[PDB]
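Each chain gets a letter, A, B and so on, in the order the sequences are listed, and its residues count up from 1.
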Amino acid sequence: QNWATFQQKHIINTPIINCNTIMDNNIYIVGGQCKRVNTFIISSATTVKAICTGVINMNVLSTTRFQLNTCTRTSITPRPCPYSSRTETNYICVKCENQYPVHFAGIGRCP
DNA sequence: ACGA
């Protein structure tokens, strides 16, 4: 929804070693339940933000690839829920608003 | 539906 929230939800400096543990955070609760999916971008905030430089309002597909760790919910249980993990290096699509990534829009391509 |  905004740059601060995008960073808090999607940007981390080190690789995810356990999706179950990282997803156990109230930031990933929507509608009272554990979120369906969340992609972690293993990079610095500055490098991710650079995707949006010069972009005022549009989805942008990054020109460089990023190391990604995607956590996908396997079952809706009382917190903490179980998640499966997928790792890949790929371009990412983010919504750029006023030069800031504000929403994670896709992996490999924009919608 | 990985934000309004």
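Summarising the geometry, the separation between CD1 on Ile22(A) and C1' on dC2(B) is reported as 15 Å, rounded to the nearest angstrom. Rounded to whole Å, the distance from NE2 on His10(A) to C1' on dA1(B) is 12 Å. In this structure, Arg73(A) places its CZ atom 13 Å from P of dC2(B), rounding to the nearest Å. One interatomic measurement links the two molecules: OH of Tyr83(A) to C1' of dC2(B), which rounds to 10 Å at whole-angstrom precision. Atom CD1 of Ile92(A) is separated from atom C1' of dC2(B) by 12 Å (rounded to the nearest Å). Between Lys9(A) atom NZ and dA4(B) atom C1' there is a gap of 10 Å when expressed in whole angstrom units. Distance CZ (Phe104(A)) to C1' (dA1(B)): 14 Å, rounded to an integer number of Å. Distance, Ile11(A) CD1 to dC2(B) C1': 14 Å, rounded to whole Å.
Residue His103(A) has a polar side-chain atom (N or O) positioned under 4.0 Å from OP1 or OP2 of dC2(B). Dashed line: the shortest gap from a side-chain N or O of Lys95(A) to OP1 or OP2 of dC2(B) is not under 4.0 Å.
Sorted by residue number, the members of residues 26-56 of chain A with any non-hydrogen atom under 4.0 Å from DNA chain B read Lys35(A), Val37(A), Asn38(A), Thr39(A).
Around CD1 of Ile17(A), the count of heavy atoms belonging to other residues, nucleotides or ligands within 6.0 Å does not exceed 12.
The main-chain N or O of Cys34(A) is found under 3.5 Å from a side-chain atom of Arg73(A) such that the two form a donor-acceptor pair.
For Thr21(A) and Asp24(A), the side-chain atoms include no donor-acceptor pair closer than 3.5 Å. When only modelled atom types and interatomic distance are considered, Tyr91(A) and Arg65(A) share a side-chain donor-acceptor pair under 3.5 Å. For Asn69(A) and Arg86(A), the side-chain atoms include no donor-acceptor pair closer than 3.5 Å.
Closest non-hydrogen pair, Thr64(A) versus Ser62(A), comes out as O-OG, 2.7 Å.
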